[PDB]
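Read on for two forms of one protein chain; each stands alone as structure tokens, with the labels structure 1 and structure 2.
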Structure 1
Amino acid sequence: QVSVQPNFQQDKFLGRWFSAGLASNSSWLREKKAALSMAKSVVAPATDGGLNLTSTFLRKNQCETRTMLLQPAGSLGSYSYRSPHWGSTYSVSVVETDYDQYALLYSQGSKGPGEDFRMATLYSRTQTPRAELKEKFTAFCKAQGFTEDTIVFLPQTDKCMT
């Protein structure tokens, strides 16, 4: 169902990214806003196989850091994530990227109570992606069935980014 970036090259996907947009279900957004803020996300190879995604961001008056392990799931650019909290698994795909400016990711619940969860994410090498990039994101989000009220862009911030 979900496309992956053709000939995905993980060697070129590493290092610092910023979360610049998201889209998800109505309910999740109902009490997870206010207020979502921009995250700094660092991508590095995992010795257990796959990639570690380490995110830092402002939440409840403090900078918080979290690490997500993404393991290969069958095709280059297609990964799986197991939540350590209650154990749900999620498909996480790098749908489209140019490596040096943007990446569009798509996450879907696979098994567990998180099964029906669907979320798209815009990652950007800069904190302020061009209008054209924000349009690639809106386009993918709408094509996947997200309504405009569920598509949220996250503004530039300095807090927790250093």
Structure 2
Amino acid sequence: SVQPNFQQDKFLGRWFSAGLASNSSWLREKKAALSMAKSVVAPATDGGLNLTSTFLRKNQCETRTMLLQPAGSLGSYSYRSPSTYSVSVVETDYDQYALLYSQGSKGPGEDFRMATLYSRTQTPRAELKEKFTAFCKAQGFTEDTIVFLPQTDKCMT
């Protein structure tokens, strides 16, 4: 589902990529080879969101931006990889955590599913990890595919 009464303005700003579950071994392995710093959520010129991710790969800071186009329900977006993917904010309290769920909506990407835990703080919090694990299990992810991403304190400004 999608967060009821979703308020995009309260969702903006700095988030940390704390947890990930995916059914793609290729994707999990790619993510495991890097360390996340922060992500920034900001309104895009198209009415959706820009998600700008900063991370460390081989001790170099890198940034990548993804355009999340509005998908016609608040909290629901579409991403086209330069397959198309639905991206939903399933649950958030805005000031501590957000649970996102993505899956392919067109093309061979339809095989793809991913849950993401974002946190307003970088430091792990057991209750948030439990919430994420419960969500991933409910969405059919196996335990072994529910992982908590290595963080970095670099790249932060």
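Structure 1's sequence is the ruler for residue numbers, which start at 1. Residues that one form lacks are left out of the comparison. What we label the rigid core is the largest C-alpha set whose atoms superpose within 1.5 Å from one form to the other.
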- Item | Did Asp116 shift 2 Å or more between the two structures, C-alpha, core superposed | no
- Threshold 2 Å Cα movement between the two structures at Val43, rigid core reference: no
- Threshold 2 Å Cα movement between the two structures at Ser26, rigid core reference: yes
- Just grab the Cα shift of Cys63 between the two structures for me, core aligned, in angstrom. 1.2
- Message: Once the core is aligned, what is the C-alpha displacement of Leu154 between the two structures? Give it in Å to one decimal.
- Response: 2.2
- Keeping the rigid core fixed, work out how far the Cα of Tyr106 travels between the two structures, to one decimal in Å. 0.4
- Once the rigid core is overlaid, which residue runs, three or more long, move by 2 Å or more at each CA between the two structures? 26-39, 154-157, 159-162
